[PDB]
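Engineer: I'd like to ask you about the structure that follows.
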Amino acid sequence: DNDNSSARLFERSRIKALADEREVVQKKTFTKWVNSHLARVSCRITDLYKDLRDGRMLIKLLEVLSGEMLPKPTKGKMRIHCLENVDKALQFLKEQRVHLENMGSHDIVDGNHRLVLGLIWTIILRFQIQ
Amino acid sequence: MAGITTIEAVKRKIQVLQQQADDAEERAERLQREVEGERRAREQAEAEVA
Amino acid sequence: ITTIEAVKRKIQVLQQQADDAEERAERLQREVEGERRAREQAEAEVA
Amino acid sequence: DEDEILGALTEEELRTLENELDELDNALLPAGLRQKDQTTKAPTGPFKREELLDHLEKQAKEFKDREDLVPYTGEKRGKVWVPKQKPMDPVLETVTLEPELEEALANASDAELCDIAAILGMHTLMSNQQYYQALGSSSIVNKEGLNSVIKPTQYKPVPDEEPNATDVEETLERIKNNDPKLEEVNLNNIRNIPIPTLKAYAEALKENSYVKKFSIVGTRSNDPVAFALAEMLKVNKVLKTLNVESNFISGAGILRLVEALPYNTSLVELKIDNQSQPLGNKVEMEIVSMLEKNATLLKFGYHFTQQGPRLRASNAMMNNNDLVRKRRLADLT
Amino acid sequence: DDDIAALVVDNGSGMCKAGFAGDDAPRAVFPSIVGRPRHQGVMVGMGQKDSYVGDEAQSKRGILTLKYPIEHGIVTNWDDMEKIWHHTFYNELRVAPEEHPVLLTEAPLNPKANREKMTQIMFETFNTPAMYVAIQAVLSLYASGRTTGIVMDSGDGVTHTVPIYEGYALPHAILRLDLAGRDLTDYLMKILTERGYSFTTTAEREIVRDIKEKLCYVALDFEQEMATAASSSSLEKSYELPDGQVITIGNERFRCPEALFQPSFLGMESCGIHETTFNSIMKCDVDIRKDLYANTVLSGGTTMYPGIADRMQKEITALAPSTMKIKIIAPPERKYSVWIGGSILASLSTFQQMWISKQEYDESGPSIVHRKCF
Amino acid sequence: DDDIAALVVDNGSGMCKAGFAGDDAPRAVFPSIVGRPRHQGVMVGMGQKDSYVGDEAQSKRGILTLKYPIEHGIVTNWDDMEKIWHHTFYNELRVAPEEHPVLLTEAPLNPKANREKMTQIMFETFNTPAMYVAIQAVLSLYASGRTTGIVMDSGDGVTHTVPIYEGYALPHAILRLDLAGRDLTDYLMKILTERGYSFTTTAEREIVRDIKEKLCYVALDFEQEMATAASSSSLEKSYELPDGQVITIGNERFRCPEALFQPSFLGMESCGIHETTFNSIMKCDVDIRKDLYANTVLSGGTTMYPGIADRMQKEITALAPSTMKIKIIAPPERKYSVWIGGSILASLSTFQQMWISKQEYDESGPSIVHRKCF
Amino acid sequence: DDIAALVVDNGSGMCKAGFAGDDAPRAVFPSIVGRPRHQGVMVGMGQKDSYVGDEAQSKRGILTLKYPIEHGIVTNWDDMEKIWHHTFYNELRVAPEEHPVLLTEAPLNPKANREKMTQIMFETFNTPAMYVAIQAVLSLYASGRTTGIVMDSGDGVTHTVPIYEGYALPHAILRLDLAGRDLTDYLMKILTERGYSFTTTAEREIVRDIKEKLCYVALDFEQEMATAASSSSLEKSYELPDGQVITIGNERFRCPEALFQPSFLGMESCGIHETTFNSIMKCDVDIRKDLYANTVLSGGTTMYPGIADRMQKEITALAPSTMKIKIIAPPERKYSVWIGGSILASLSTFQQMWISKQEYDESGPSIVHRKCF
Ligand SMILES: Nc1ncnc2c1ncn2[C@@H]1O[C@H](COP(=O)(O)OP(=O)(O)O)[C@@H](O)[C@H]1O
Ligand SMILES: Nc1ncnc2c1ncn2[C@@H]1O[C@H](COP(=O)(O)OP(=O)(O)O)[C@@H](O)[C@H]1O
Ligand SMILES: Nc1ncnc2c1ncn2[C@@H]1O[C@H](COP(=O)(O)OP(=O)(O)O)[C@@H](O)[C@H]1O
């Protein structure tokens with residue numbers, strides 16, 4: 001099975017490396033952008049995957065970007081309140097014409113890199129600073 | 001409906017059953033007359049077109 | 001040998017006669033449709 | 001405000017919390033010992049019950065009466081639902097098909113009425129068995145009626161079987177004596193057989209060369225009996241069939257039984273069906289894997305929950321029976 | 001040797017039906033249930049016997065636990081099958097199986113070891129001189145009397161559809177769906193809970209099965225029947241339990257067979273029987289479909305609910321093109337059709353060439369069943 | 001600011017809890033018992049205000065009969081429910097039911113009249129503005145903080161196991177076993193009568209229940225425990241009675257909870273709780289089984305036996321495949337966690353859509369609970 | 001420099017995407033759309049209606065899984081729009097309004113399919129340019145030779161085309177509908193024989209994984225059947241996701257043998273070797289000698305271990321003796337249909353091939369037949 005081994009070999013190496021380098025530089029750019037936009041309020045993001053997990057950072061980012069008021073985030077340490085906090089930001093995005101695919105609150109909560117990077121990219125592209 | 005009689009409902013069903021049988025009989029005679037007329041018309045048209 | 005068994009036999013005979021009647025009727029209907037389908041084109045060809 | 005929350009709690013509770021965190025329950029101690037004792041007083045008395053009853057009664061009598069703030073009167077303080085009524089369907093038409101057929105069905109009994117009700121198509125009105133015997137033949141068979149209630153099948157009574165007349169001590173004594181005219185030992189469904197007595201049977205059958213079949217079905221046997229039988233099977237060369245169905249043998253005991261199979265080549269049928277608890281799939285895997293080792297056993301009665309071990313056990317039984325067929329064929333020609 | 005008449009045995013999941021060849025009806029019909037002692041205490045009524053087989057087990061439900069040897073058409077317990085076959089041969093037909101040939105039935109898509117173990121067990125423990133294994137849905141078409149049509153069988157363990165055109169079966173179009181009377185019984189227990197009644201043990205399972213066999217019917221329109229049942233109590237009927245109290249099922253009499261048409265009630269994502277039959281028809285060639293629409297044949301004990309024929313015809317007429325003509329052939333004796341065609345199959349003169357001899361088994365082992373049978 | 005939120009009322013089979021939403025602990029904890037004068041009219045009709053409720057009922061154990069209005073999760077007597085509910089609203093919580101929404105719990109597979117009757121009592125007697133009915137097992141999964149796992153809940157009347165994967169419930173795999181702590185109380189009385197201490201009436205019921213709560217434990221190995229108890233007396237403990245007499249339990253400490261695992265002692269044809277969990281897991285799909293192995297959650301007051309978790313882990317690992325891992329979550333506060341689940345679920349901002357307000361009840365009646373809830 | 005175009009390969013089983021000029025795709029994910037089955041009792045969870053791509057494969061138990069593409073034809077278009085949206089915005093994080101798009105199509109299929117893709121990509125995604133190319137032409141590009149016959153096999157369609165010196169022969173193009181999904185269904189039907197039951201859509205993924213791991217093409221079929229019947233050395237063990245252990249055994253090589261004998265599935269068509277030989281024989285006499293030595297395999301379905309030796313043996317049996325047969329099977333052939341596409345968008349003259357936005361606006365969605373082959 002040398003040809004199958006070489007196919008798995010190419011799959012393990014080139015696709016993964018070419019995706020990883022793009023993902024790394026994209027997340028490094030996105031961290032700079034969200035830190036520049038969140039610096040007006042007393043907030044800072046040190047890790048893109050972990051700080052956006054909880055949900056307060058995202059709702060504050062939508063607060064500052066929209067310039068317009070959002071409902072009270074629910075207070076609580078468990079997972080369910082975190083799901084609520086992500087879901088409210090997702091609903092706010094659902095109102096202002098932004099179209100999202102494969103987006104669930106538990107996807108952001110669990111910490112999928114692809115979906116959080118796509119959400120930030122969609123925020124940059126389709127949402128209006130206004 | 002709380003008040004009903006089994007005899008009456010059975011009797012209505014018998015009425016509907018004979019109506020169905022009669023309807024199918026006019027259907028059969030209906031269609032036999034139709035097919036004979038169409039066959040004769042087709043034959044006459046074929047002869048004169050030939 | 002009484003009237004009720006005669007009633008049951010009568011309605012059963014009527015029912016199966018009716019079923020055979022719709023079977024023959026629908027088969028004849030489809031044959032009629034085919035014959036008319038054939039004849040109309042012959043008239044147009046005559047014209 | 002963690003410090004303020006901890007200060008809001010009692011200081012004795014804080015010391016108790018420190019002690020409890022140092023103790024963390026009692027995972028090291030066994031299950032029995034981890035509970036604390038209630039009181040330090042020694043047991044006294046043969047438990048005279050009437051003193052308990054009288055003490056409880058006077059305790060109930062000399063109790064200060066809690067007075068509730070609001071008495072209960074069963075007052076309904078909310079709006080009643082008052083369900084809506086429908087105008088329904090007030091239609092009335094007479095069909096009047098035939099003066100002959102009016103009087104024909106006017107005086108018919110309900111039992112004969114249901115036949116013409118079913119032949120016209122009201123299957124919902126009566127039971128299905130009734131509905132089908134109505135359509136079975138061109139005569140009135142229906143006796144029950146559409147309104148009447150349905151009753152279950154009675155089947156047929158079974159005569160009582162005579163209880164087990166096989167005595168215990170004389171049978172064991174004859175087994176120990178190597179009796180030539182004792183070949184079948186039946187112990188099915190016998191009240192209160194002692195476990196050491198069953199073990200004594202197990203070592204008694206070690207040296208018996210005249211009993212071919214054994215059965216202890218429904219004897220409430222347990223794991224020591226299984227261990228003793230597993231020890232016995234290696235020595236014995238005459239026993240054909242062992243039956244241990246309907247017992248309290250655990251999975252480990254059954255594992256000990258199947259582990260004796262490679263050593264002996266005299267057992268052909270073993271039944272372990274209907275045990276109190278499921279054996280588990282690991283025990284099943286061991287059973288089938290090293291039952292594939294044995295080549296003598298032909299019949300094995302067990303219902304496997306998994307599909308893999310069941311398939312492999314069926315294949316092993318097929319192989320053993322096919323070996324019997326092949327040696328017969330080779331002996332013929 | 002015309003005195004030697006073969007035995008026709010159908011081993012269904014719920015009931016076993018045995019009889020002599022050349023007869024219109026099976027002689028013995030009895031459920032295949034093995035009863036074993038409970039663990040709460042010793043029994044009252046039996047001594048040296050280890051278990052009860054057949055109607056004797058069915059009568060003594062209160063002291064026995066009941067097990068089915070056939071699970072979804074698969075023999076899980078082979079010793080239980082030996083007990084069932086021994087009871088059939090010695091206690092019901094009262095004949096020695098050494099002198100008679102045996103004909104057996106089987107579901108289409110089975111483990112391949114089923115036929116091999118069946119043949120080996122029969123030949124070794126009963127010494128029959130000849131035997132044969134046939135497939136149930138071909139026997140149904142033999143019983144119906146035509147050589148062209150689709151057979152949709154629904155027993156107590158499995159449902160299967162097979163098409164046949166002029167006696168050639170199409171193996172790539174055979175569909176097997178796991179939906180039978182046992183799942184309907186379990187769903188009936190689950191939908192009888194909310195009225196108040198509770199059924200747990202195996203005797204309760206037999207009671208619920210007896211209720212289902214006599215009280216359930218298939219609604220023509222589900223929503224219209226639901227509205228009718230919510231409107232009034234016209235559909236309600238009463239049943240008498242063996243204890244003495246009377247229950248009233250009411251609405252759920254037509255909710256139990258609806259799982260046959262909507263499997264999502266049971267949580268499975270499969271399709272209904274109508275969709276299965278339509279898919280089985282679409283798997284065949286374009287030319288023969290016109291015959292297969294005209295000769296849909298129902299069978300099995302599960303299709304004994306009234307109103308199933310009109311509902312299935314309505315559903316298939318919805319699915320099929322409008323030009324095509326659909327009729328459903330539901331014989332009134334269909335519950336035993338799988339047996340009846342077997343009595344035909346053992347009567348044919350060509351079939352005497354098709355038996356599996358004792359000698360042929362002796363050289364070829366139990367693998368002769370694959371080469372000799374379909 | 002919605003009239004200090006709703007009230008969470010966990011009305012268990014043997015003991016009721018009540019409190020405010022958003023609080024970790026219930027405000028009121030008291031048994032669900034109605035005590036009546038037994039047979040006499042002595043001492044100027046002693047036993048006045050004949051319904052004694054809660055702690056006052058257990059105070060006068062000798063002169064009263066104690067009746068449980070909830071048996072096996074089903075309301076036998078409705079007047080006693082509304083008396084208990086009046087006691088909760090007015091005598092202990094001291095809040096008006098007119099301005100506070102009410103949250104209620106119930107068993108999963110219960111007769112359908114219970115929901116309608118609870119809705120009728122809430123809206124017609126105490127005229128609450130909004131009300132909702134949930135399931136104890138879902139509340140336990142809420143309290144555990146996980147959105148994936150299998151939940152066992154065993155109270156004084158019912159045991160039920162439900163699986164939930166990613167917030168999606170599987171209704172076909174929900175089980176209900178009718179083996180609870182009351183049966184263990186009766187078995188404890190049965191084995192205590194053999195030793196010599198005969199306990200008959202309701203005061204004896206409370207005493208035996210107290211003995212069981214204070215001195216019972218689940219043995220890891222039953223036969224080893226039997227050998228240890230027969231060999232020595234180190235496992236023996238002493239319990240003093242309220243009057244002063246002291247008795248010894250001894251062998252009866254671990255035989256009482258063993259009926260949870262072997263129902264043959266109780267005289268019931270049923271499987272153990274571990275078999276119920278394993279069968280509920282096998283009834284799910286292939287892929288989501290592994291997570292259900294790794295997120296087993298225990299709940300209810302019955303699970304406060306010492307050593308139940310390790311024993312049931314040993315049993316499950318005996319049944320489960322050896323490749324993956326088995327763990328059991330047993331919080332020390334689990335007896336109250338059902339109520340805690342309500343304190344979470346009424347606290348959510350999205351739950352305000354799910355309230356059954358009075359305006360819809362005034363148009364739909366008590367049947368709206370079938371559409372609004374579950 | 002100009003903006004690099006996006007190479008997007010829409011297969012029946014997997015979807016691949018990347019940038020032109022790269023040697024490997026940057027995003028590979030299954031083309032599956034799943035929808036919830038049961039009911040949700042937890043309030044406050046996610047309310048997403050459709051799982052797409054790898055996220056649908058992550059949670060199989062509570063989903064019914066569907067394929068928007070079957071047999072090389074798009075049957076559901078909303079699911080295709082979801083697939084393309086997840087490919088563009090999430091897997092690559094690119095703006096489609098500034099990138100030309102290259103697409104991949106089977107040779108023979110319904111015509112209207114092409115129009116629909118064009119009508120989608122100019123309207124919903126507003127691309128400035130797009131193009132559609134056949135799979136096997138791109139495979140021949142990635143092979144590195146101008147002259148050869150290309151046999152491609154995926155999950156939806158098998159097709160053989162001959163090309164001589166860059167000239168294609170349209171009458172010799174052959175298409176067969178036996179592909180990977182048919183092999184998966186046949187493996188399910190043949191695994192029923194051992195007692196194992198798989199029925200749901202989630203279990204089809206399990207069966208597909210078993211087929212990918214444990215199937216090989218036997219060089220000789222009857223000899224392999226005799227060997228597998230005589231001994232049990234051919235058996236292998238697989239572990240189910242719930243810890244069960246199954247044994248495949250004789251079913252390892254019977255499933256791929258269906259590629260060469262289609263009578264196992266009830267199809268009366270010929271095998272892949274017969275299809276290749278017939279496609280060679282339809283060509284002219286002169287160009288056959290170059291076509292016999294330049295046979296190229298492609299697609300994931302041709303990744304069974306031992307397919308090349310069997311194909312060479314059968315074609316050598318059919319072909320005359322004086323000609324020599326060479327089967328070219330590159331080790332990375334699964335992505336060849338992508339790789340040649342990444343070559344094709346990097347050429348200088350391909351900038352003259354694009355269907356511009358203005359041309360579509362002028363001549364409607366039917367322009368794709370005039371430009372694309
Ligand atoms: N009169 C009846 N009405 C409805 N269902 C019935 C009736 N009699 C039997 N059944 C169903 O048919 C099943 C028995 O089917 P059977 O013919 O034994 O299947 P098999 O093909 O396995 O032999 C029973 O479990 C029962 O549910
Ligand atoms: N400390 C304890 N140790 C052992 N068992 C206990 C303990 N406390 C309570 N129990 C058991 O729990 C039961 C009470 O369960 P409970 O939580 O009231 O059920 P419900 O869910 O109906 O409220 C009692 O019958 C008792 O046997
Ligand atoms: N290593 C492998 N061995 C055997 N077959 C494989 C292997 N990898 C993939 N396959 C088969 O190839 C199919 C995937 O082909 P793919 O290249 O995705 O087709 P397309 O992309 O054209 O739709 C899978 O369904 C599988 O059956």
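First residue shown is number 1, and so on along the chain.
Quick check of the header: electron microscopy, 3.6 Å.
Cβ coordinates come from backbone N, Cα and C, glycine included.
Checked Swiss-Prot, it gives:
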- E:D1: N-acetylaspartate (MOD_RES)
- E:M43: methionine (R)-sulfoxide (MOD_RES)
- E:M46: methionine (R)-sulfoxide (MOD_RES)
- E:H72: tele-methylhistidine (MOD_RES)
- E:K83: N6-methyllysine (MOD_RES)
Engineer: Restricting the comparison to the modified residues E:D1, E:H72, E:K83, which residue's C-alpha is spatially nearest the C-alpha of E:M43 (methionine (R)-sulfoxide)?
Structural biologist: E:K83
Engineer: Just counting, how many other CB atoms are there within 10 A of the CB of E:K83 (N6-methyllysine)?
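Structural biologist: Within a 10 Å radius of the Cβ of E:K83 (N6-methyllysine) lie 20 other Cβ atoms.
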Engineer: Closest of the modified residues to the residue listed as 'N-acetylaspartate', Cα to Cα, picking from E:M46, E:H72, E:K83?
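Structural biologist: With Cα distances computed to the residue listed as 'N-acetylaspartate', the winner among E:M46, E:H72, E:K83 is E:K83.
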Engineer: Could you tally the C-beta atoms, other than its own, that fall within 10 angstroms of the C-beta of E:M43 (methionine (R)-sulfoxide)?
Structural biologist: 19
Engineer: Counting across all protein chains shown, how many other Cβ atoms sit within 10 Å of the Cβ of the residue listed as 'N-acetylaspartate'?
Structural biologist: 4
Engineer: Let's check the environment of the residue listed as 'tele-methylhistidine': how many other CB atoms sit within 10 Å of its CB?
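Structural biologist: Around the Cβ of the residue listed as 'tele-methylhistidine', 17 other Cβ atoms lie within 10 Å.
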Engineer: Using Cα coordinates, what distance in whole Å links E:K83 (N6-methyllysine) and E:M46 (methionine (R)-sulfoxide)?
Structural biologist: 17
Engineer: Among the modified residues (E:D1, E:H72, E:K83), which are close to chain D, meaning C-beta separation under 8 angstroms?
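Structural biologist: Listed modified residues passing the 8 Å Cβ cut to D: none.
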Engineer: Can you grab the distance from E:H72 (tele-methylhistidine) over to E:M46 (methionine (R)-sulfoxide)? Cα atoms, rounded to a whole Å.
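Structural biologist: The separation of the Cα atoms works out to 31 Å.
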Engineer: Going along the chain, which residues six or more apart from E:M46 (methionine (R)-sulfoxide) have their CB under 8 A from its CB?
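Structural biologist: For E:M46 (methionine (R)-sulfoxide), the qualifying residues are E:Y52.
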